[PDB]
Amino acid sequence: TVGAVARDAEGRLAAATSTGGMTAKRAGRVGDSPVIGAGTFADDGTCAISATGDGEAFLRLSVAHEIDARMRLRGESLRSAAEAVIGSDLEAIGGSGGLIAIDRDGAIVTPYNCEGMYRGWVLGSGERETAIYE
């Protein structure tokens, strides 16, 4: 699974996700990537999210929507919500994976609960990083 989240010059958000799925998956299996509120999500009032990991766990917990809900209903920060869901909720259901997300103010979080996550970000400053592990 691969994905991207962006915050525009006007503070407008968008998310996109694409995947080949899971190696030796049963033909016809659909994961979280194409299900808005599970693996892909964007609302300019909260955050944009693109997830990667056990697709079934992400579908069952509605991970992307849960983070949007925690921001709206408990007034949590994107970081607090995203960290809680990937760190605790996803662990509790026995799922592995992570998540890139950008809030409406441009805060980027890239939590994961597994060995690593191919990831990167670039700012309007030109400032850039890419990562695999730490």
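We number the residues from 1 along the sequence you see.
According to the PDB record, 87-95 carries the higher mean C-alpha B-factor of the two stretches 87-95 and 42-50. When the modelled residues of the chain are ordered by C-alpha B-factor, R70 sits in the middle third. Ranked against the other modelled residues of its chain, the C-alpha B-factor of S80 as given in the entry falls in the highest third. The deposited CA B-factor of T110 belongs to the middle third of values across its chain. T23: CA B factor lies in the middle third for its chain, per the PDB record.
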